[PDB]
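# Reading the structure
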Amino acid sequence: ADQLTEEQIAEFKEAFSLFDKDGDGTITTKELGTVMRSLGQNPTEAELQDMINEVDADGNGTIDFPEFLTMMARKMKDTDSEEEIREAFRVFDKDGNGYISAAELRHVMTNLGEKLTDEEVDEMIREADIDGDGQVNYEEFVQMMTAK
Amino acid sequence: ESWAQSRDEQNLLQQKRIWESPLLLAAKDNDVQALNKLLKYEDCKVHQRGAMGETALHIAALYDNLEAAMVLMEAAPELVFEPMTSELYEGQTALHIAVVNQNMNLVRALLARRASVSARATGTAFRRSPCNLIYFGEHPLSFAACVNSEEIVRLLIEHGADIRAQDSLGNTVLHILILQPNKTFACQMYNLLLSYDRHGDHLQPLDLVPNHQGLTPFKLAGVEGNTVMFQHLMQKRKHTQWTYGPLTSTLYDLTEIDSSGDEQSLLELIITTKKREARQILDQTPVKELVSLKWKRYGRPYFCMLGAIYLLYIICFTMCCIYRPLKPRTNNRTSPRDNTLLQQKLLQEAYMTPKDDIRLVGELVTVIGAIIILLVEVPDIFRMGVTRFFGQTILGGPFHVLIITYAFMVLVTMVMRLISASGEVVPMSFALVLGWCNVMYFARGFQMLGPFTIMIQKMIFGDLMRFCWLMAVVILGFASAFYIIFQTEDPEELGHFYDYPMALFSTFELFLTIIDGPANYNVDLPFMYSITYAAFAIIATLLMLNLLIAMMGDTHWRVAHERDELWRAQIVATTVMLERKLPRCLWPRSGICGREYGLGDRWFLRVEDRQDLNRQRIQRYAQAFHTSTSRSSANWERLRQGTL
Amino acid sequence: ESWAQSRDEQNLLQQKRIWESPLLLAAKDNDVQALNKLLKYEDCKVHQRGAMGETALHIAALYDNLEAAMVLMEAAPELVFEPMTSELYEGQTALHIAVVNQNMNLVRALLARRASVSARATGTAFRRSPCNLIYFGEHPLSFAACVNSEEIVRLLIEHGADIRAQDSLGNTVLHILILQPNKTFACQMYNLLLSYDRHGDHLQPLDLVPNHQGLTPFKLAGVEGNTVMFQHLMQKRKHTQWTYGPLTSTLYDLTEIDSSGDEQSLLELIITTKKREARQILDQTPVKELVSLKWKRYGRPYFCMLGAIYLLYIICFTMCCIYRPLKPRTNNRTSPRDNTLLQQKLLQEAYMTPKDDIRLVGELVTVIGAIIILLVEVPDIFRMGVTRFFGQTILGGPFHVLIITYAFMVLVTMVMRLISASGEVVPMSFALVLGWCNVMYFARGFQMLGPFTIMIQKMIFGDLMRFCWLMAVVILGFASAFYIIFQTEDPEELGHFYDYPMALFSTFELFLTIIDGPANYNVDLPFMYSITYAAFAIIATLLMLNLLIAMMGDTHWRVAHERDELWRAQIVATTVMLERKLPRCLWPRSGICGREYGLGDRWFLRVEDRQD
Ligand SMILES: CC(C)CCC[C@@H](C)[C@H]1CC[C@H]2[C@@H]3CC=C4C[C@@H](OC(=O)CCC(=O)O)CC[C@]4(C)[C@H]3CC[C@]12C
Ligand SMILES: CC(C)CCC[C@@H](C)[C@H]1CC[C@H]2[C@@H]3CC=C4C[C@@H](OC(=O)CCC(=O)O)CC[C@]4(C)[C@H]3CC[C@]12C
Ligand SMILES: CC(C)CCC[C@@H](C)[C@H]1CC[C@H]2[C@@H]3CC=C4C[C@@H](OC(=O)CCC(=O)O)CC[C@]4(C)[C@H]3CC[C@]12C
Ligand SMILES: CC(C)CCC[C@@H](C)[C@H]1CC[C@H]2[C@@H]3CC=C4C[C@@H](OC(=O)CCC(=O)O)CC[C@]4(C)[C@H]3CC[C@]12C
Ligand SMILES: CC(C)CCC[C@@H](C)[C@H]1CC[C@H]2[C@@H]3CC=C4C[C@@H](OC(=O)CCC(=O)O)CC[C@]4(C)[C@H]3CC[C@]12C
Ligand SMILES: CC(C)CCC[C@@H](C)[C@H]1CC[C@H]2[C@@H]3CC=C4C[C@@H](O)CC[C@]4(C)[C@H]3CC[C@]12C
Ligand SMILES: CC(C)CCC[C@@H](C)[C@H]1CC[C@H]2[C@@H]3CC=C4C[C@@H](O)CC[C@]4(C)[C@H]3CC[C@]12C
Ligand SMILES: [Ca+2]
Ligand SMILES: [Ca+2]
Ligand SMILES: [Ca+2]
Ligand SMILES: [Ca+2]
Ligand SMILES: [Ca+2]
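Conventions we followed
- Residues numbered from 1 in each chain as written, not as in the entry; some residues may be left out.
- Chains lettered and ligands numbered in written order.
- Part of a larger assembly, values for the part shown.
- Heavy atoms only, no water.
- Near = heavy atom within 4 Å.
- Polar contact = N/O pair within 3.5 Å; in protein donor to acceptor, adjacent residues only side chain to side chain.
- Areas by Shrake-Rupley, 256 points an atom, 1.4 Å probe, with all protein chains shown as cover.
- Helix = DSSP H or I, 4+ residues; strand = E, 2+ residues; numbered from the N terminus.
- Nonpolar A, V, L, I, M, F, W, Y, C, P; charged D, E, K, R; others polar.
- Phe/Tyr/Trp six-rings, centres within 6.5 Å; stacked < 30°, edge-to-face > 60°.
- Buried < 20%, exposed > 50% of the residue type's maximum accessible area, 1.4 Å probe, protein only.
- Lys NZ or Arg CZ within 6 Å of the ring centre and 35° of its normal.
- Donors = N, O, S within 2.8 Å, 3.2 Å for Na, K, Ca; no water.
- Contact = heavy atoms within 4.5 Å.
- Buried area = accessible area lost by both parts, 1.4 Å probe.
- Salt bridge = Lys/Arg side-chain N within 4 Å of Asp/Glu carboxyl O.
- Patch = residues over 30% accessible without salt bridge, like charges linked within 9 Å, V, L, I, M, F, W, Y side chains within 5 Å.
- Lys, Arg positive; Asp, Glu negative; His and termini not counted.
- Charge placed at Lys NZ, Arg CZ, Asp CG, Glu CD.
- UniProt positions renumbered as here; feature names shortened; annotations may be inferred.
- Core = buried A, V, L, I, M, F, W, Y, C linked by side-chain atoms within 4.5 Å.

For this entry, the PDB record names cryo-EM as the structure determination method and reports a resolution of 3.26 Å.

Here it is as structure tokens:
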């Protein structure tokens, strides 16, 4: 939705992915039904019908990725980050997946001395790991800068 | 080197021709008042050129002047055509410049003037080279897809672009999106460009046509190391069979990954390319499970049978060198009687006893083994290459050379035995240290010995080679210094330095501290000697041999996750080699076939896994729909200080 | 290996049988219109099977089709029963699938159709194996408790589940919650499942019944390394006596932790298990103070008395090997007179002087000491095991072997002395280097020497073993190369390489740079020699011996907090060993008893602390 940077699309792409558990680009009422039951909720069949039909511009009946990207730019929370942090993250992230890893904080720390054990690398991860996948986001990376 | 000198002279000359022309300078800034005064004249040179062979419309499009460019199109509509005629920017039209500058009004104005959407920017400044900072393509659709403008791509298709535009490299539009430095936004365009295909029957859909190297867009992401594009192209090639709670069972398609491959398949492309970013595709979702099922099942047992045949081969060669024929010395000791100790020599008619008939069997095992090496290795060197890319396959490297040099030195010994030449000690004593140190090849199939044999190689071509240039500086200076000190004295009470070849071999050993050091304690040594040897032992033993341990110790923890990535790529290179050379009676093809399961003729590999259940993530995106610690936090401040 | 090949062929065959059946394919997608057309026919095969032996209701529950599943229950109510009859998913009913998919409407619809809540999913795809990705249990209550659905657990109890359902492993519901990978949400379910017990008199409450290994839910958290579940189960076993400002005095219960333990107690379970995550329970709140009170009071003095008895034992054995009997050479030197230097030999009737009567006392101290070793160590090897799990107790490891091999080599020397055999040098010279290097066992009770003896062990089975495979490659190549160079020459001016066993022993020493290097400087050495020895000394001394120091130096700072966790577990293994073998007259039982304080018959340990 052409206001979104490189790291947000990479966050929203896998965010689209764990909804879509059949390996395509279509959110039917089924897959959003499988999510909302796993949240412990009882999904109303009208509620499942409304939430798909509310954001579906093409009218096919399945939410694809550009419509999930359009919806998420509406319901974006906010971010007001810095130039120095964003340029730091794009150099730190090497393959460009939008994520710094445990394999990619070893490279940054070896770049400035700083002998870490592989345990202490993962001990750095879990402090910045707000949600949890064993990876630090861009939103979590900003959080570990402007804390002071 | 002189081309960049010539290219800089072109850009300064272009700025000269603009200032020395009243049309081009007025089209440069904006000067909409000045164009109406010039273009109303009779001969106002509308087809004027420059250093890049550009017109006034190329200038107005390059410096982003919408107002001046429309005046040029009104007074002369022929300038929408007629691209640049220089060698550098050959073929680049004015539509190309408006697209790269990502202008929306100037592109739509040019398309109303019947611009060519199928022109080719086939200059030397658009080709894929390390000299150029960009590789955008040749066509306007290729330019709009790489600067990430979805408005102009949709605009160019509606005015009749070609979705299958191929370059001089043969690359389509989808190949160029992979070669771009912004991986995430290339994925967004890749879905868009396939969406407008949708009628590409052609007996070739869209993303299956290769370039002039035979690479599809799927395999080009494999070679160039686009980890982001590789995971995006996996969405088409998997099928979720069933989801049983926190347990899914996907079904990957091994039709472009598995090296059954009469064509060139993806495991050969990754393992032979020189990039260090392509070896990260060996950890992805179908490829990591494919290699392990080849290596555990059929890769490791066949590699440990070749490790045991070769080990019994190099024992059979060793006992032919121990029991080799010798006779006592024939004529005399009379070579000058103070420096000769050899007392046996080589025999001519060796095979005349029953104990040598056993050895003749053992030598024919060796020589036949030396021919078989030169028939399975040399017809890959002279055939697949003219030795241009044989050196570093992955980093595996020397074991091609050590097995050729072994098979050469056995056959030199065959020649010297048949013609009964004198010195067979020289071709043998190479052939043993080349022979047994090639057993280190078979230490890549064991995790204990695997990553250690890589660190031996990364020191010899590195932290040991740069030490042996500054060792040969030192032991040429001191060995020529110690030689002239003991040159004027007695060479039997201390004879470490009597010849200059011997003085080089003493000081090589005194640098290594493997022999003791010249001391007699009965006769007065030269007074200059004790000064120049105490100078020597400080910068040999106290300084420079304690600076290898400080340098190899510094390197060993820096490349300590690279050598683990190098070992997992040595298994893939071994597995593909064992799969290719062995027959099809052994080594069954990987994955389950699909003939008797209603899936076609291709080959599948299913992987099931337990993923998670992460509540805090899934609850945050769900509402959006609606109608040990102490020294870790010390490390982040160390990163905040480094970032600042 | 071929089982996973066979299991993949089962899943592809199941997708074949669905597509090749009009009922199963229609039940797969949703096709509620298509079911009414088929099921109104006469013989529409309601008990149709597949590859997993599933029905149409198993398919509709697996792909989460509530609408199609109710149509199957209306047209055929018998399909709520009749579980899968394959070997892999044996016994799994349709209620099991609706619970694991965490469907709320399909479960409640099945319970109205009188579903079996006490069925058993006793297939080979639900058993606790490394092949399976899940271990959920066998019962529907076990399935709902592991996918974290408190709605379905409350729903299953109201329809008559069994709270004491045991598997084929014997595990109850509370045992399965410990084996789950999400520790925090397992604690939330553990309080819920005990809350609905509340009438479990039974002479066994709920969380005291063991599985088929004798482990309670408290001790199973101790073995499996659930640090989160272990701290949650400590809430039941403590009592806060008084709170005086910033100072509380709790009272832990040592009835399932302390190794008085005629049963198998928790300090033996942790110290013998192979997991490296169970050794983190040795730092928790009752266990860290329990070990220190055993080790400081009665553990260290009894370990330093055994360190002084053994040290005076191995001095008494050493002086029997120094003063051992020898007589001068009997017959002749006439073995070939250029290579013989031995000039004494062993005596037969040694004990005929008063100075040897002292040694006979010293040898009977040794041999009796060698029997006592084989009576306190061998009846634990042949009895508690058939040598299946003797090797790595914790990582302690070789000192079992070095004390058996010592007691064997003393008794070989006893046999050779009685039958008057020839070579007693060979059984002795093993028995001394085995004997004195076993004093390194007693360096685990000293913090100065403790963590250093572990790093000696983690190099020998590691960074020294992988170097000695690539050392024997090199000194077979060069020693066979140096041998053939000096094979044609004079073996007395430079005789480092005259035999092939001697050429292997020279090049082993030239690799280590412990002997100097072949150089004569009076006679012309072979021209090939100076080339092949300069090649040798670079890749022996300059490359590979400086690559041990770079490799042992890289390892020593990586495992530098693991060897400190290994040392604190070597004290616990020593303490439990000293507690077991010593009698009860020594070593008083830890903690304060509760008979004369009105607390029962169990044993308590109070810990006070200042918190914050
Ligand atoms: C006469 C009788 C005893 C049979 C003896 C046959 C084997 C002892 C030889 C014959 C051909 C040899 C093979 C020829 C070619 C290769 C490929 C070669 O590949 C590399 O060097 C890859 C690493 C790199 O890139 O350097 C490794 C050794 C190997 C497997 C050789 C292993 C030993 C083999 C099987
Ligand atoms: C940076 C260095 C100085 C480290 C400090 C070590 C010193 C204590 C060493 C290094 C140089 C040595 C000197 C080097 C040269 C000589 C001359 C040497 O010659 C003689 O007077 C005797 C003749 C002979 O030895 O042949 C005697 C030892 C001596 C004084 C050495 C004595 C010990 C010295 C001063
Ligand atoms: C005539 C007299 C002097 C007899 C000699 C008695 C002692 C010198 C011997 C007899 C029994 C021995 C003990 C038998 C068993 C053990 C356990 C043993 O433990 C292990 O093997 C280590 C455990 C692991 O592998 O981690 C260490 C030696 C020790 C204490 C021995 C120490 C020396 C002892 C006390
Ligand atoms: C112990 C492991 C982990 C290290 C690697 C093994 C080899 C690299 C070393 C260690 C043991 C050594 C062997 C130990 C015993 C002997 C017997 C001995 O042979 C003799 O009898 C000749 C010498 C003599 O008689 O004095 C010396 C060579 C040899 C084969 C040694 C050769 C080098 C070996 C094989
Ligand atoms: C990896 C290396 C090249 C780093 C630098 C070390 C060199 C300076 C060394 C390594 C090999 C050495 C050579 C190995 C073999 C010989 C033969 C030998 O000469 C003889 O024939 C004997 C002496 C005599 O003639 O009396 C000793 C000198 C020489 C040239 C050595 C001279 C010093 C060399 C070139
Ligand atoms: C001059 C003659 C006598 C012997 C010379 C020995 C040299 C040429 C040989 C013997 C030992 C060999 C090395 C042994 C080990 C390794 C590590 C491996 O990962 C790559 C090959 C490499 C790096 C070899 C390169 C070539 C080598 C250095
Ligand atoms: C061949 C004969 C003569 C020599 C016998 C040497 C062997 C049996 C002995 C000598 C020294 C011993 C080692 C000494 C130190 C340690 C570290 C310790 O934490 C575990 C045992 C361990 C790893 C021992 C293992 C066995 C050992 C290697
Ligand atoms: Ca879907
Ligand atoms: Ca849509
Ligand atoms: Ca990354
Ligand atoms: Ca994260
Ligand atoms: Ca020395």
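Once the structure has been displayed, the description carries forward.
## Let's talk about the site of ligand 3
Residues and elements named next belong to chain C. Ligand 3 sits among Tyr310, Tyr313, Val365, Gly369, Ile372, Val376, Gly396, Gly397, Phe399, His400 and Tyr441. In this structure, an oxygen atom belonging to ligand 3 sits 3.2 Å away from a main-chain N or O atom of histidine 400. Coverage of ligand 3 by the protein amounts to 83% of the 750 Å² it exposes when considered alone. Ranked by residue count, the leading element in the shell around ligand 3 is helix 16 (residues 354-376), at four residues. By residue class, the composition of the shell around ligand 3 is seven nonpolar, four polar and no charged.

## A look at the packing of aromatic side chains
For the coordinates displayed, the defined rule picks out 65 aromatic pairs over all chains. Arranged with centres 5.8 Å apart and planes meeting at 75°, the rings of A:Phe16 and A:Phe65 form a pair that is edge-to-face. Taken together, the residues A:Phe16 in helix 1 (residues 6-17) and A:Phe65 in helix 4 (residues 65-74) connect sequence positions 49 residues apart. As far as the burial class goes, A:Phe16 and A:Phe65 line up, both buried. Ring geometry for B:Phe482 and B:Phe497: centres 5.2 Å apart, planes at 15°, overall stacked. In this pair, B:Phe482 sits in helix 23 (residues 479-485) while B:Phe497 sits in the loop between helix 23 and helix 24 (500-512), placing the two residues 15 residues apart along the sequence. The same class applies to B:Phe482 and to B:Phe497, which are both buried. Of the aromatic side chains, those joined through ring pairs into one cluster are B:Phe452, C:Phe467, C:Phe478, C:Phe482, C:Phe486, C:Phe497, C:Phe511, C:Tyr529, C:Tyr533 and C:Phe536. Sitting over the ring of C:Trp557, A:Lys115 keeps its end group 5.0 Å from the ring centre. Stacked on the ring of B:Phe218, the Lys or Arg B:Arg237 has its end atom at 4.2 Å from the ring centre.

## Some remarks on the coordination of the calcium ion (ligand 12)
Donor atoms from the polypeptide that bind the calcium ion (ligand 12) are B:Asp516 (OD) and C:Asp516 (OD), placed at 2.5 to 2.6 Å. Of the two residues, B:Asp516 is situated in the loop between helix 24 and helix 25 (527-542) and C:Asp516 in the loop between helix 24 (500-512) and helix 25 (527-542); the pairing between them involves two chains. C:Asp516 gets classed as partly exposed once you look at its relative accessible area, which sits at 37%.

## Brief notes about the interface of chain B and chain C
In many analyses, interface size is given as the accessible surface area lost on bringing the parts together. Listed per partner, the contact involves 75 residues of chain B and 76 residues of chain C. Each partner contributes to the roughly 7300 Å² buried at the junction of chain B and chain C, and carbon and sulfur atoms together form 67% of this total. Summed over the shared surface of chain B and chain C, the number is three salt bridges. With its nearest N and O atoms 2.7 Å apart, the salt bridge here joins C:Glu1 to B:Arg297. The tally of links between chain B and chain C comes to 15 residue pairs in polar contact. With eight residues, helix 19 (residues 425-436) of chain B is the largest single contributor of residues to the side of chain B that touches chain C. Across the side of chain B that touches chain C, the residue classes break down as 47 nonpolar, 15 polar and 13 charged.

## Structural notes on a negative patch on the surface
On the surface, A:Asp78, A:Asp80, A:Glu82 and A:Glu84 cluster together into a negatively charged patch. Structurally, A:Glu82 is set in the loop between helix 4 and helix 5 (83-92).

## Considering the site of ligand 7
Residue and element names in this part refer to chain C. Around ligand 7 sit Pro398, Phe399, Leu402, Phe430, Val433, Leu434, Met440, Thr453, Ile456, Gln457 and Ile460, and that is every residue in its neighbourhood. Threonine 453 has a polar backbone atom sitting 2.8 Å from an oxygen atom of ligand 7. One of the side-chain nitrogen or oxygen atoms of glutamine 457 is found 3.1 Å away from an oxygen atom of ligand 7. Within the complex, 65% of the 620 Å² of free accessible area of ligand 7 lies under protein. Secondary structure elements with two or more residues in the shell around ligand 7: helix 18 (399-418), helix 19 (425-436) and helix 20 (450-463). The element best represented in the shell around ligand 7 is helix 20, accounting for four residues. Of the residues in the shell around ligand 7, the class split is nine nonpolar, two polar and no charged.

## Some words on the UniProt feature "binding site: Ca(2+)" in chain C
As recorded in UniProt, the feature "binding site: Ca(2+)" lies at C:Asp516. For C:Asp516, the residues in contact, after removing those within four places along its chain, are B:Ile514, B:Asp516, C:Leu510 and C:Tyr533.

## Here's the deal with the UniProt feature "binding site: Ca(2+)" in chain B
UniProt annotation of "binding site: Ca(2+)" refers to B:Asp516 when read in the numbering used here. The exposure class of B:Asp516 is exposed, given its relative accessible area of 58%. In this structure B:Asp516 touches B:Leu510, B:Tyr533 and C:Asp516, once residues within four positions along its chain are discounted.

## A closer look at the nonpolar core
Grouped together as the largest cluster of nonpolar side chains are 103 residues, with contacts concentrated most on B:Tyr406, B:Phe511, C:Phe511 and C:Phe536. Discounting residues that sit within four places of it in the chain, C:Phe511 has contacts with C:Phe467, C:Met471, C:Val474, C:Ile475, C:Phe536, C:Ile539, C:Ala540, C:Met544 and C:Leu545.

## Comments concerning the coordination of the calcium ion (ligand 9)
Residues and elements named next belong to chain A. Within the protein, the calcium ion (ligand 9) binds to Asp56 (OD), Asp58 (OD), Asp58 (OD), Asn60 (OD1), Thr62 (O), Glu67 (OE) and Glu67 (OE); these donor distances fall in the range 2.5 to 2.9 Å. Between the donor residues of the calcium ion (ligand 9), the gaps in sequence give the motif D-x1-D-x1-N-x1-T-x4-E. Relative accessible area serves as the criterion here: at 47%, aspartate 58 is assigned to the partly exposed category. Given the relative accessible area of 7%, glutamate 67 is considered buried.

## Structural notes on the interface of chain B and chain A
Each partner contributes residues to the interface: chain B has 42 residues there, and chain A has 60 residues. Both faces combined, the contact of chain B with chain A buries some 4800 Å², and carbon together with sulfur accounts for 60% of it. Of all residues in chain B, B:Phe625, B:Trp636 and B:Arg640 give up the largest surface area on contact with chain A, accounting jointly for 17% of the area buried on that side. Taken together, the connections running from chain B to chain A amount to six salt bridges. Across the salt bridge formed by A:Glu14 and B:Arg617, the nearest N and O atoms sit 2.7 Å from each other. Summed over the shared surface of chain B and chain A, the result is 12 residue pairs in polar contact. Listed by contribution, the elements that provide at least two residues to the side of chain B that touches chain A are helix 11 (183-195), helix 13 (227-232), helix 28 (615-623) and helix 29 (630-643) of chain B. If you tally residues by element for the side of chain B that touches chain A, the top one is helix 29 of chain B, at nine residues. Grouping the amino acids of the side of chain B that touches chain A by side-chain chemistry returns 12 nonpolar, 22 polar and eight charged.

## Here's the deal with the side chain of B:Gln180
Residue and element names in this part refer to chain B. Its location among the elements puts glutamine 180 in the loop between helix 10 (173-178) and helix 11. The exposure class of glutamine 180 is buried, given its relative accessible area of 10%. Of note is the side chain of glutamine 180, whose polar atom sits 3.0 Å from the backbone oxygen of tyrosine 135. Every residue in contact with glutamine 180, bar those within four places of it in the chain, is listed here: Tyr135, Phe136 and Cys146.

## Examining unusual backbone geometry
Phi at B:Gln102 takes a positive value of approximately 60°, unusual for a residue other than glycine. Along the chain, B:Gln102 falls in the loop between helix 6 (94-100) and helix 7 (105-112). A positive phi is found at C:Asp31, a non-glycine position, where the angle reads about 35°.

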